[PDB]
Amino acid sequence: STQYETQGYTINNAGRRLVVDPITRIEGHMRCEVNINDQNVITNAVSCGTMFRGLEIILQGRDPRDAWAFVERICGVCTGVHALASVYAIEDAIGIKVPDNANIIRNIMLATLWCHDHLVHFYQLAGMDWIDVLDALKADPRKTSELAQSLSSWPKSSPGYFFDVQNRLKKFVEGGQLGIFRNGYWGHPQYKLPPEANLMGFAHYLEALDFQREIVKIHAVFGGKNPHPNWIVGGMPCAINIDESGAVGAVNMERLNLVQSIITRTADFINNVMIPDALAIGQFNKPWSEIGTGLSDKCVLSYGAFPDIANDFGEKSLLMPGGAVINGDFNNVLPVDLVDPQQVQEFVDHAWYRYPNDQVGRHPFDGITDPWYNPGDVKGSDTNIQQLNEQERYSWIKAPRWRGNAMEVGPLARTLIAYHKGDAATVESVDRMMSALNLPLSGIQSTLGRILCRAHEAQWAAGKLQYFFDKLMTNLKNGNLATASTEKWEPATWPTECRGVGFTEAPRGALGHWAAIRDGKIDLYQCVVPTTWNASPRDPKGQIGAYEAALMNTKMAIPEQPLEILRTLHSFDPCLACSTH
């Protein structure tokens, strides 16, 4: 066994080794291993991406106009975000400016995704870490109604409703066919909700499973379908016609009316179901404001997102702020430049890739994706990993760093960047939320904080949907219908050699696509994705990434039941297909 110090942690691989493979209730394939000491506290944590497909390799030789469609299939959970980053990157390389309505509709596509994705994560992915579904069978339906009505105006609160939900669950489990609830962690001492809160949360799980399908109708109107809507380089293909012959063939007033109806219902669901449920998880699980801090009080990163001034990606345009904090210095939010070769770099000394020198980090315009499955001694065989070798290569995820620092990205990172940049709405929202929980601001830098910030962001995005919709309608009232720029559609109009960066804030954090075009085709396409940051393996200095740091120092009540590990990993909303691409 060995021990070393990094980022204030003592990384110690003595003691019992626990393996969690597969991690479930995530997107895609992840393995996690830890070591625990004699007090059942984690002293080592190992984050492993257990899949790879190679989109950066497949994209070579493609037409830049086609790239969005390929890279959209990096992930069907954060569907659309990679298409957006792609059309941004190709437009940046060629020098294309899109019309305002295209930019507004892209912002609607991204805000729709934030709403949908955050809602399904809260309920279907993370929810069962916090709600003991089986304990809901012991609830009093009248006390459940009272609880629900104390927390929310939401209509669906009758005692009969909660009894009908409870009875449906009772009938579902009575035959032993427990389905997704089979062999769960039910009854673990870290389940702290009372039975009435479990039945309220379970009812809302089912309501969210139903309602989430409606949110993406906005993607179907502008993008044809969800999952995986369509896009174009130069804007969007959803031509608008309000008052001319043939409006039946275009985005017309009836199509826009459908979008407005979904926006209203989406805000109402998020504000009256998910927001009160997130605050209730906080009220009943306050100790989790002190667990899973990880890098969230050290190093956090946002690129920023939602340019409100079309084709302006600067600070005055982005509605979601960008910036970096390192060394715990929140008084100095630093600017990020995605072209600077000293800023974003990826290491592979602990990943299944080859570089000519694995001791140095490569900026993505110098990126290399040469897969090399080389696990070393894993106490089994190359086809039987019993214990990853975290002293050598242990993941399909590359290790991104920012100026050599290991960073956390995602909702909590973004909230801390906007708060410390002095965004008024954020400061007021965060302070009121932590006040209501009777917790200090530092309580947000935690596993509970990641969940609270994600829910807050769903609310923010539902508000921005209306703002963007109103901006689109203002343009239409002023006779501004344009949705595409085609001056540079034809390859004969492009630079013979050019390169560009497309960046945004995906639901899970900072996303960048770096593209080099030569002779009308993709010469290089490198992606660094939010879960690549968070789920990162170690670097040549031994620095740990956000997952490994957040798991360090965590108490486990029952080592064989990884509920604490799941709670913290799920709080980051892992997407492993995103991380590996």
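The numbering used is simple: start at 1 and walk along the sequence shown.
- The mean C-alpha temperature factor is higher for 483-491 when 106-114 and 483-491 are set side by side.
- Taking the mean C-alpha B-factor of each stretch as recorded, 122-130 and 140-148 are not equal, and the higher mean is that of 140-148.
- The PDB entry assigns the greatest CA B-factor among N285, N257, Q212, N226 to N285.
- Highest C-alpha temperature factor among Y394, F468, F306, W186 per the entry: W186.
- Ranked against the other modelled residues of its chain, the C-alpha B-factor of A425 as given in the entry falls in the highest third.
- Sorting the modelled residues of the chain by their CA temperature factor places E72 in the lowest third.
- In this PDB entry, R168 carries a Cα temperature factor that places it within the highest third of its chain's modelled residues.
- The deposited CA B-factor of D38 belongs to the highest third of values across its chain.
- Annotation for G542: CA B-factor lies in the highest third of the chain's modelled residues.
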